[PDB]
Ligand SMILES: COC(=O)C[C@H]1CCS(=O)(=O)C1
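In structure tokens, one chain follows: the form deposited without this ligand.
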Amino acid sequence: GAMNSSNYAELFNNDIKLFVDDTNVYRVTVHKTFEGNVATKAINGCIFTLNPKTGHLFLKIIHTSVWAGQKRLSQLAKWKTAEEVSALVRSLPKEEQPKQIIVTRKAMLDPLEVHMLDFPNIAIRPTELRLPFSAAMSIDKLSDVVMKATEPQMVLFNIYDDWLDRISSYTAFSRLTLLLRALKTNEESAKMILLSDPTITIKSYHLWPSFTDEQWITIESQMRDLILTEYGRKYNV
């Protein structure tokens, strides 16, 4: 059934699974029309489909052309994500196909289930976890590759860079979510923390700086502080 606090650690066994977050699929800017009405302007989006065990991020770019001529676009977005996830599954070798797909929002359940009918043995599951994947567009390299795109397209990255050479996926994923949580809560601050040291650089096939182990513990504590800091400011505590 649903992914929650009880079964956190199933994410790191050897049963292939994918997370799918659809928050960044349909992106808009609101603004005033000349007449003084309100209208929207669509911008490029991205399906976030992540395998938490390996770190592989199957970033499907969603071009603004896909919306052209459509109504109930918030609702179409969910059906378009499902269509694209299904095509990703369909395109993969069978021994690569996920046994579970965990959607981060419950609205995605019926569209994915309908699009996956040809895969009766792949389970579509919700999660009660609050995962911070909407902050994925806060990673400069994803945001850049999405906004530059001139056509639908799929990008590949390791969301863990090379971390799994030194650490396990449980630990990688905790590091990822901490980092994404911070970015969600205070993007400016979080980025400052990541890049203040110009001698630490971001490799070309990577999304995050090449911190050493000790340097990750330092980064890791500064994010924690950042996240606590922002909470008192929000809630006055």
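Start at 1 and count along the sequence shown; that's the residue number. Note that the rigid core is defined as the largest set of C-alphas that superpose within 1.5 Å between two forms.
Of the two stretches examined, 199 to 207 and 50 to 58, the one with higher mean CA deviation in 9 other deposited structures of this protein after a rigid core fit is 199 to 207. Larger root-mean-square CA separation from the shown form, computed after a rigid core fit of the structures in 9 other deposited structures of this protein, is seen for 225 to 233 when 225 to 233 is set against 7 to 15.
Comparing the deposited coordinates for 144 to 152 and 102 to 110, the stretch with the larger average C-alpha B-factor is 144 to 152. In this entry, 27 to 35 has the higher mean Cα B-factor, the comparison being between 169 to 177 and 27 to 35.
Each of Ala87, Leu131, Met116, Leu76 has a CA temperature factor in the record; the biggest one is found at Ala87. The top Cα temperature factor in the record, among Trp67, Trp208, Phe58, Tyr205, falls on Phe58.
Among the modelled residues of its chain, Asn121 has a C-alpha B-factor that falls in the middle third according to the deposited record.
The entry lists a Cα temperature factor for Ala135 that places it in the middle third of the chain's modelled residues.
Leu226 sits in the highest third of its chain by CA B factor, as recorded in the PDB entry. Among the modelled residues of its chain, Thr54 has a C-alpha B-factor that falls in the lowest third according to the deposited record. When the CA B factors of the chain's modelled residues are split into thirds, the value for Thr81 lands in the lowest one.
Just so you know, the form deposited with this ligand bound exists too; it's not on screen, but the next bit is about it.
Open site. This ligand, superposed from its pose in the deposited bound form, has no atom within 2.4 Å of any backbone or C-beta atom of the chain shown. Although the partner is absent here, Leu131 is a contact residue: one of its heavy atoms lies within 4.5 angstroms of this ligand in the deposited bound form. With a 4.5 Å cutoff on heavy atoms, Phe48 does not count as touching this ligand in the deposited bound form; it lies far away. Along 173 to 205, a non-hydrogen atom within 4.5 Å of this ligand in the deposited bound form is carried by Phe173, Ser174, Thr177, in order along the sequence.
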